[PDB]
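Read through the structure below, which is laid out as structure tokens, and then see the notes.
FYI, it's all coordinate maths here, none of it is from the lab. We place every Cβ from the backbone using ideal geometry, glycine too, and count neighbours over all the protein chains shown.
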Amino acid sequence: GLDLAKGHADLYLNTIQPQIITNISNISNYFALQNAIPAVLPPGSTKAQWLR
Amino acid sequence: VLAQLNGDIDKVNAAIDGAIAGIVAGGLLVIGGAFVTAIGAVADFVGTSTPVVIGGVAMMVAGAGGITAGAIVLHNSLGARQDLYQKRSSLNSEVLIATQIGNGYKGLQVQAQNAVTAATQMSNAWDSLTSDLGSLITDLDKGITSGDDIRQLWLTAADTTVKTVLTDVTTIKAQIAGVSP
Amino acid sequence: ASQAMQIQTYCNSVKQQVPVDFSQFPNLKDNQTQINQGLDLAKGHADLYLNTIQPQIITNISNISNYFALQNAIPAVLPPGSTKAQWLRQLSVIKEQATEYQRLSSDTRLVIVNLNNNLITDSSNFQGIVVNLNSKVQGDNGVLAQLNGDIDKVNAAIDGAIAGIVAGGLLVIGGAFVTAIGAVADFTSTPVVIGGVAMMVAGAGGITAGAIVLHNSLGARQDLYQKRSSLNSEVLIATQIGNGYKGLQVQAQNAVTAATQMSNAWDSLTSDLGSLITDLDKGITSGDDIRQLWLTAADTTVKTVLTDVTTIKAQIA
Amino acid sequence: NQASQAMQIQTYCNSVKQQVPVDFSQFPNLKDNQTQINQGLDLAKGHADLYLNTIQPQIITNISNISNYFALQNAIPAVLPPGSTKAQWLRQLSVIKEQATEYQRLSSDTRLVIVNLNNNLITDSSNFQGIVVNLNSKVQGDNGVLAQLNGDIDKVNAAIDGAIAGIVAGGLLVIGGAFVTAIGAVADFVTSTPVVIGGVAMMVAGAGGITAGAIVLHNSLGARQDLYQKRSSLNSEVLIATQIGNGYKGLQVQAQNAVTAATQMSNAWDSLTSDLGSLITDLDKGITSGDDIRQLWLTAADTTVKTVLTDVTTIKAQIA
Ligand SMILES: [Cl-]
Ligand SMILES: [Cl-]
Ligand SMILES: [Cl-]
Ligand SMILES: [Cl-]
Ligand SMILES: [Cl-]
Ligand SMILES: [Cl-]
Ligand code: NA
Ligand code: NA
């Protein structure tokens, strides 16, 4: 019973926890892009470019 | 099991109490008897004083019996007693640990359930972002908004709320690294 | 103290312990084999950390730390004077490099997993030692209570024996006086010279009887208080070692926390390198302004990798 | 080291969510405490979740929106700004007044959310106090009983001491009698039946005492064991109630602290609402007033915006 429980703990510690931490990198990256958009499209740029 | 062990301990402790009682009683009979045996002996050297010389020697034999009997039972018992009290303390510890593991599982179950909630909230947060970007794409395409005012939205957000999210990211990473940002 | 300093402390501390010898206590034979096996293993783990893992972690991070110190940014636009051809090679070489470092980061994390399990094992074996000692002492205390009771009871036998001896002595002195008055009382008086000598014989009886019961009782009492002194010694040793292992247990538990924090720190580095790899790859295979988007994002991401590097370096010092 | 108001509620929430429901199925005397605790807990977790993923974000949102708008409009033009028709100036004031009115409503709405939060916390705090009280009364009861059991065990120990005394007495009579019986027997082979009877009498009496004592003993140890099982059971029950009790006492404190924090949040939002109201009044009375009276009200509105910004910083502080 105990051995199995430790198994469950390991799965959390070495499979799920990293996935959660990766999630923070993904959030960090999404916002890196979002704040880049207005830096690469100068003031007054095609609706076409913006949509891409 | 525990009930049996306690029973076994009660017997051994009783045996030992008994033995010691024998030894105290024994000693008194021997001293008492040696006095009776000595008076009865120099009363036969003058009637019918054998009735007390027997009683006196009876006491001494009984006494010496109790003493040597107690001594056997005692030296014999003492080793077993330690073994019994250790068995009990061991069983108590092991039952307690078995219970603790069970409680541990219950707790882990709760942690996992809380993790589901948390993960679900994360999915929904991403879904709002995607859907909200979709709305923005639609609004631009239909001509409700332009890249000139959308730019201002994002830069305002960069000045405040997005900057805040980025801060929280640094802070979270620090706290799970055990470091002071 | 840094995470590494905490594990380092635990390791140095565990290595300094001495194996136990409870051969004088048959009741602790099993605790001994448990403690010594546990200890031996723990020292193994400690050595591995001190001479293999800690240096390896410091190494891998130094290499990463240096590379990104140089490449502290990503050119998003096309630097002054380069064919687009050269720029794509320069981005591709960084992407390859980053991929190599991601793998190293990921490998470091596996090392750390192993470290965590070693620490968790040690912490656990120690908790077990304390528990098993506690239960032996709990047992000995039940017994000790009984022995104290048993000693109190026997003291009665000894008090009795001594009473017999004093009673005897008084009869002898009393009788010797009656025997002496009865002897100079013909001046008719053999009835009291008998009573006087009877007293003396009875007295001498009580004295030699009491002396047997006494030498016998003191022996039963001495036998009991030897068992007690033995149990007291055993309980004292178990407690001494117990407290030792309780302390070690704490150090180990703290080490687990520290190792777990290290894991998380490396996971951020790996994930963040992944983001950088993606951003570069999607920038290398994209349109003119889409390229700039991804490369700008990659530049933000490098700043993040540098942050992750400082964090790991902090954990170490 | 003192934590923000939101951090305090956040802590309580995270703390309550991590609790495990109890199972006192081994203790019939605690069946009611169990259903009370588990219901109380379940509800509390509900409240916690609501705070963590709905209310706290809502509060942070509303304040961000307010914070941004007034960051831009950090002042009120009390005179006619360089190059504008009086007509344009009145539109610019009217747009701010409309905007402020919108924010006042949002502030007021946030306050209702907080009221709800306060009641949730107050309910949780109360349910917890109740749990502790009901556990305490069960333990107070068990302690009355325990005292009696200890007394009862002390009494029975007499029966056991007696039984053992009987057995030792018996043994001595048998050994004593076997010696008398043996001397009386080889005194009849030298003429002594009066002592061979006395000797055998002793042996029979002794064997009687021994087998009698053995019954009384095995019987008494059983009565004592029956009593100390009830005691060990009560001790277990008292120990569990105390363990959980102390847990709920602690939770109760966390909740009480959370109430205080939520109440402080209420008061902070009340100041913002009232202060926005003052700003709305000052603008409205400045838009419909004389030349220098207009300037009075608009100057007052400008002071009032500074005040709104202060109120905003206060709320932001409460959150971080
Ligand atoms: Cl060994
Ligand atoms: Cl490596
Ligand atoms: Cl041990
Ligand atoms: Cl009950
Ligand atoms: Cl709202
Ligand atoms: Cl309750
Ligand atoms: Na170990
Ligand atoms: Na709530």
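Over the protein assembly as shown, how many percent of alpha carbon pairs lie in each 20 Å bin up to the one with the longest distance?
With a bin width of 20 Å, the distribution comes to 10, 26, 25, 16, 11, 7, 3, 1, 0.
Compute the separation of the alpha-carbon centres of region C:244-317 and region C:1-54 and state it in Å as a whole number.
For region C:244-317 versus region C:1-54, the Cα centre distance is 33 Å.
What net charge do the residues around A:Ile24 carry, taking every other residue with its C-beta under 13 Å from that of A:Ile24, with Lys and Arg at +1 and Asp and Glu at -1?
Once all neighbours under 13 Å are counted, the net charge is -3.
Just tell me how shielded C:45-53 is by partners: mean number of partner chain Cβ atoms within 10 Å of each residue's Cβ, no decimals.
Mean number of neighbouring Cβ atoms from other chains: 0.
Can you sort D:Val200, D:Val186 from fewest to most other Cβ atoms within 10 Å of each residue's own Cβ?
D:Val186, D:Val200
Based on alpha-carbon atoms only, what is the radius of gyration of region C:1-111 relative to the globular estimate 2.2 N^0.38 Å?
1.87
Tell me, B:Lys142, D:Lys249 in order of fewest to most beta-carbon neighbours within 10 Å?
With the fewest neighbours first, B:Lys142, D:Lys249 line up as B:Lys142, D:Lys249.
Between region B:23-64 and region C:186-210, what's the alpha-carbon centroid distance in Å?
Result: 15 Å between the Cα centres.
Return the calculated 222 nm mean residue ellipticity for chain D, to the nearest 500 deg cm²/dmol, obtained by summing -39500 (n - 2.57) across DSSP H runs with n ≥ 4 and dividing by the residue count.
Mean residue ellipticity at 222 nm (helix-derived): -32000 deg cm²/dmol.
Rounded to the nearest whole Å³, what is the per residue volume of the convex hull around the Cα atoms of chain B?
Residue-normalised Cα hull volume stands at 192 Å³.
What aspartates and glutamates could a cross-link reach from C:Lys29, if we take a straight Cα to Cα line under 16 Å and drop same-chain neighbours fewer than 8 places away?
B:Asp83, C:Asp21, C:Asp140, C:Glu234
Got a sec? How would C:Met199, D:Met203 order by Cβ neighbour count within 10 Å, fewest to most?
D:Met203, C:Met199
Largest first and in whole Å, what are the equivalent-ellipsoid semi-axes of region C:6-316 based on the Cα gyration tensor, each being the root of 5 times an eigenvalue?
Here the semi-axes work out to 93, 13, 12 Å.
Averaging over every viewing direction, what projected area does the convex hull of the Cα atoms of chain A cover, in nm²?
The directionally averaged projection comes out at 4.7 nm².
Which whole number of Å³ per residue matches the convex hull of the alpha-carbon atoms in region B:21-65?
Convex hull of Cα atoms, per residue: 41 Å³.
Filter the cross-link list B:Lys87/C:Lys153; B:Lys106/D:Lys17; D:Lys17/D:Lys249; C:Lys95/C:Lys282; C:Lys15/C:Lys313; C:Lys153/C:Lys227 down to pairs whose alpha-carbon distance in this structure exceeds 18 Å.
B:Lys87/C:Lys153; C:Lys15/C:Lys313
Rounded to the nearest Å, what's the spacing between the alpha carbon centres of region C:95-111 and region C:122-152? Just the number, please.
51 Å
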